[PDB]
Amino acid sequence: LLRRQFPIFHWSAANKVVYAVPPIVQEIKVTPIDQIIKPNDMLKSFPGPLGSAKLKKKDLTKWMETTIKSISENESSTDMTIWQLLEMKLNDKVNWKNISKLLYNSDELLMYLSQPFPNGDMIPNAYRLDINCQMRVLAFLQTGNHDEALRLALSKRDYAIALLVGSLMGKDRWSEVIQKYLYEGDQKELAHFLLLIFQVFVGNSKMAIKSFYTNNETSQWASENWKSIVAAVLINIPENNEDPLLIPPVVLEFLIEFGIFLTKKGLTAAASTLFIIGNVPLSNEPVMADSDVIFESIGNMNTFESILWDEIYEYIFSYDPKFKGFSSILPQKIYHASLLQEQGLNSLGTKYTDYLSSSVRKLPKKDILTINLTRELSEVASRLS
């Protein structure tokens, strides 16, 4: 095996490559990197460093249009949710309705709802407290006995008063009543969906979602239909003229809790979608206290999409004047500049190293992160000259 001719391959700092491939007298070849790595018009066309104030929000909005068109057109199968989501938020052309419709086209359902529906009578098929039980419930309440009142309403299967009594007792038992009403008795998935929607707008999104982890049947459903689920929640958010971009806290819990579940189940694109909608910051800190899940980058940090998405997502936060930027992605920006070097784009390259310099010099000079970024930034900067 040491008496055998093997391939050879090496990268060079000069955007050249050397390789040798034994034949099916051995030749060594030296060719520029791009006869091997097909470059992307994506990184080349991107409007310099965003946030760099020589920036006009024009170039960017147009660049997203262009890119999104070319991408989907040339590759129909590519999921464009994140692309289009970031575009909306970039425009302030964003309403929960619009975001909802992006996740899931509801027009399919409008057809179904137009189909004529029976408005006729019906046989009694549910239960309801009689005068006796009704008196008992009142007396129970007159004595302050919530627990006994609820127990009686549930044992007679009257879920209406059960809900009412339950509301006097907190979100906890309220939720339990919802479950009993739905599941008391195919129609399997219907219950899951309704249950979740009602849980979210009560503050039990944590509870509701925690249930998935234990049930493999309902977790497969949740992860398989996450798009329509989130879309249902968003489209049911009460309209607010003065707060078009104000997520109601209960919906915020749901997005993060559900964005965690998806991470575990391996779906890190989904999760990131929810975090984006929820405006969760990019950092190293966990998204939730009781979880280890981290929102570090949109998609795998090495992907070109991630580089651009992450910087665009940052730009969006930047219109919030107090916002100072995501430190956690500075490494990715330097790596971005490095990628420009390899593609012989020294021009845009220095645009980044320069901007990043001021960006880093505005950091605690003694922090470990600061010191490393400075070194790594110097190395890339050196290479670009």
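Each residue number is its position in the shown sequence, starting from 1.
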TODO: Check the entry and tell me how many residues of the deposited sequence have no coordinates between residue 24 and residue 25: none, 1 to 3, 4 to 9, or 10 or more.
DONE: 10 or more
TODO: Please say, as none, 1 to 3, 4 to 9, or 10 or more, how many residues of the deposited sequence are without coordinates in the interval between residue 185 and residue 186.
DONE: 4 to 9
- [ ] Name the higher of the two by mean Cα B-factor in the PDB entry, 88 to 96 versus 249 to 257.
- [x] 88 to 96
Task: 57 to 65 versus 324 to 332 - which carries the larger mean C-alpha B factor in the record - done: 57 to 65
Open item on the list: Out of 283, 236, 240, 302, whose C-alpha atom has the biggest B factor in the entry?
Closed with: 240
- [ ] Please pick out which of 156, 173, 146, 227 has the largest Cα B-factor as recorded in the entry.
- [x] 173
TODO: State the tercile, meaning the lowest, middle or highest third, of residue 29 with respect to the CA B-factors recorded for its chain.
DONE: lowest
Task: Cα B factor band for residue 209 (lowest, middle or highest third within the chain) - done: highest
TODO: Would you mind ranking residue 117 by its C-alpha B-factor against the rest of the chain and naming the third, lowest, middle or highest?
DONE: highest
Task: Chain-relative CA temperature factor third for residue 37 - done: highest
TODO: Taking the values exactly as deposited, rank residue 195 by C-alpha B-factor within its chain and report the matching third: lowest, middle or highest.
DONE: lowest
